[PDB]
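Colleague: Chains as they are written, first to last, in PDB author numbering: chain W, 995 to 1044; chain B, 469 to 565; chain Z, 955 to 1147; chain A, 81 to 274; chain C, 449 to 498; chain V, 102 to 150.
Structure below; questions to follow.
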């Protein structure tokens, strides 16, 4: 849970670390909204013929 | 200097085009609309329907003063509400005339 | 701001803006002074239209922002004398160096509109192949020499309407078109009555 | 809040000439004598002089100003901004009090004309100009990476779209960033006594 | 050398064009009328035919 | 939609308005190449005309 801010020498490696942390946060957001989307799709009513 | 701070052309502030109604200014654009590239000031209305007005006919735009910069009315284009309001105002101005 | 006309100031109702009230007030003052019927047409105003199917604008590359562009648009629209045009041209020279062809065309079109308003003609329209000239109710062009030209070249000049003169010209060049119209109107006003 | 960058102008000029002057009285209050300052190598290592007879590119000088830290605006009215319009580049030096237009000609400095904030026209043409860095700290890529290194060494990063670390790494400048000055030089800042 | 393969894209495109022709006729006859000061490109364009 | 001016010569703009009109629903193609119409995925064969 606490890895992604450990120190590291100055180079593109720090850039990769930042990019990966950003990706992790984005993934969390993506999941937390996709779950809501699926809930909406399930619980809604159903269109039908007259 | 506060008046001169700005009295026109903020990318979000609303304006009123007396022909149609009240919208939000959005900028300038050049369009080839008949073989001659002319400038156009574009306004946005309800439901995201844009209206470009030729630069030459600039005197038809007034700076909004109803004081609802964040809650102002947004006339949907092609509606009779603005015409009705204008007719009421015309009657009032005829009376005061 | 509340009713600029009625009571209950400092109200947030849906009233029309400020200036439009003054526009309608002066229109009704015209209805009173001239005794004319009230009408929602003075707002649909037309001082002088000189469109000639020729691009004329202040390109954004020539001026970056939009606020200054619109300020100069308004000022040029509300010009009154060619001295105003000259000083505006000087200011444009200073603030943005050389003048593009559209800028020069706009300046000279404004100048020609100024001169035509001085003359007495209201609507001068055209295209590449010719155009029409339309005067005012009380024009200052000499009818004698007007008819003289009309009969000199009826094929190139036809009074088609109480106020409309149709002419044909091969002005495939914008410069040729502008020079022809300039010389035409200048010669017309030389015999002004 | 920033120190009201206009004042910075009046500051940097006095700093630039300060070592080289024989007669004159400089007055300072203690509250500002207490404050640390730049090393003046950062200062006079970036001190450009534009002269008439120079075949310098418009774009090369543009990127030069960008590296110096001048901000690109379109209606220059303040200290430390530059605007461009076709062949006419104009800017406002941080040292002087009046902006200048250039009138490039074949990548040659043809004119150097002062103009008021509201005249926008020539008042006079000066032979040459001297300009100084936009702020009291570098702002090139090396500066950003050095700042980030010092930050990760000293404080703790927070993954946040307004935490000044991320805001600086983005490229912009936080309003109060001027107080985080010692994070830009990797040196103990002079006490101004030098 | 005289017979042509006409895959799914082309046939669907042509059906779409013959759909468009109807709305074109409708809008042409609509614009032939006056009273254009308050039109919008929503009432004249109909989604049912296409 | 663009509106000219009647009295002015052929070619001129009084005001021009536009908006994003909805129209139609074009079925899409699955990865394999079979459309789905009503839960009864179909395929369109080519013609040799």
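Even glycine gets a Cβ: it sits at the ideal position worked out from N, Cα and C.
(1) I'd like to know if the segment 976 to 988 of chain Z and the segment 551 to 564 of chain B are in contact, where contact means that at least 3 CB-CB pairs between them fall below 8 Å.
(2) Helix, strand or coil for residue 1077 of chain Z per DSSP?
(3) For the beta strand (DSSP E) that residue 472 of chain C lies in, which residues bound it at each end?
(4) Residue 479 of chain C touches chain B at which residues, Cβ-Cβ below 8 Å?
(5) For residue 120 of chain V, which option in B:538, B:514, B:499 has the closest C-alpha, if you only look at C-alpha atoms?
(6) Within 8 Å, do at least three Cβ pairs link the segment 111 to 126 of chain V to the segment 249 to 265 of chain A?
(7) Between residue 1005 of chain Z and the rest of its own chain, which residues show a CB-CB distance below 7 Å, the 5 nearest in sequence each way excluded?
(8) Apart from the five residues just before and just after residue 1061 of chain Z, which ones in its own chain have a Cβ nearer than 7 Å to its Cβ?
(9) Could you tell me whether the Cβ of residue 486 of chain B comes closer than 8 Å to any Cβ of chain Z?
(10) Could you tell me which chain C residues have their CB closer than 9 Å to the CB of residue 545 of chain B, listed as they occur along the chain?
(11) Alpha carbon to alpha carbon, what distance is there between residue 1024 of chain W and residue 134 of chain V?
(12) Taking 8 Å as the CB-CB cut-off, is residue 495 of chain B touching chain V?
(13) Is the segment 240 to 248 of chain A touching the segment 109 to 126 of chain A in the sense that three or more CB pairs, one from each, lie closer than 8 Å?
(14) Over the uninterrupted beta strand (DSSP E) stretch that includes residue 485 of chain B, give me the two end residues.
(15) Closer than 7 Å: is that where the CB of residue 531 of chain B sits relative to any heavy atom of the ligand ATP?
(16) Return the bridge partner residues of residue 999 of chain W from the DSSP annotation.
(17) According to DSSP, which residues form a beta bridge with residue 264 of chain A?
(18) Using 10 angstroms around the beta-carbon of residue 1044 of chain W, count the other beta-carbons present and answer buried if the total reaches 16, otherwise exposed.
(19) Compare the C-beta of residue 112 of chain V against all C-beta atoms of chain C and say whether one is closer than 8 Å.
(20) Could you tell me whether any Cβ in chain V is nearer than 8 Å to the Cβ of residue 1067 of chain Z?
(21) What separation, rounded to the nearest whole angstrom, lies between the Cα atoms of residue 163 of chain A and residue 126 of chain A?
(22) Residue 496 of chain B by DSSP, collapsed to three states: which one?
(23) Which residues in chain A have a C-beta closer than 9 Å to the C-beta of residue 1024 of chain W? List them in chain order.
(24) Please look up how many angstroms separate the CB atoms of residue 526 of chain B and residue 1031 of chain Z, rounded, as I've assumed it's under 8 Å.
(25) What do you get for residue 131 of chain V, buried or exposed, if any count of 16 or more other CB atoms within 10 angstroms of its CB means buried?
(26) I'd like the span of the beta strand (DSSP E) that includes residue 521 of chain B, first residue to last.
(27) Could you check the C-alpha separation between residue 1127 of chain Z and residue 1063 of chain Z for me, to the nearest Å?
(28) Is the beta carbon of residue 483 of chain B less than 8 Å from the beta carbon of residue 530 of chain B?
(29) Do the CB positions of residue 517 of chain B and residue 488 of chain C come within less than 8 Å of each other?
(30) On the three-pair Cβ rule with 8 Å, is the segment 545 to 552 of chain B touching the segment 984 to 999 of chain Z?
(31) Residue 125 of chain V CB to nearest chain C CB: under 8 Å?
(32) How big is the Cα-Cα spacing for residue 965 of chain Z and residue 114 of chain V?
(33) Cβ atoms of residue 484 of chain C and residue 117 of chain V: under 8 Å apart, would you say?
(34) Between the C-alpha atoms of residue 137 of chain A and residue 1010 of chain Z, what's the straight-line distance to the nearest angstrom?
(35) Alpha carbons only, please: which of B:477, B:511, B:552 is nearest the one belonging to residue 970 of chain Z?
(36) Would you please verify whether the beta carbon of residue 519 of chain B is less than 8 Å from any beta carbon of chain V?
Modeller: The short version:
(1) yes
(2) strand
(3) Segment 456 to 480 is the alpha helix (DSSP H) holding residue 472 of chain C; no beta strand (DSSP E) there.
(4) Simply none; closest approach about 15 Å.
(5) B:514
(6) no
(7) 1079
(8) 1039, 1043
(9) yes
(10) 486, 488
(11) 29 Å
(12) no
(13) no
(14) 482 to 485
(15) Because no ligand of any kind appears in the structure shown, any question about the ligand ATP cannot be addressed here.
(16) None, per the DSSP bridge assignment.
(17) According to DSSP, residue 264 of chain A bridges with nothing at all.
(18) exposed
(19) no
(20) no
(21) 21 Å
(22) strand
(23) Chain A residues near residue 1024 of chain W: none, gap ~16 Å exceeds 9 Å.
(24) 7 Å
(25) exposed
(26) 517 to 522
(27) 15 Å
(28) yes
(29) yes
(30) no
(31) yes
(32) 38 Å
(33) no
(34) 32 Å
(35) B:552
(36) yes
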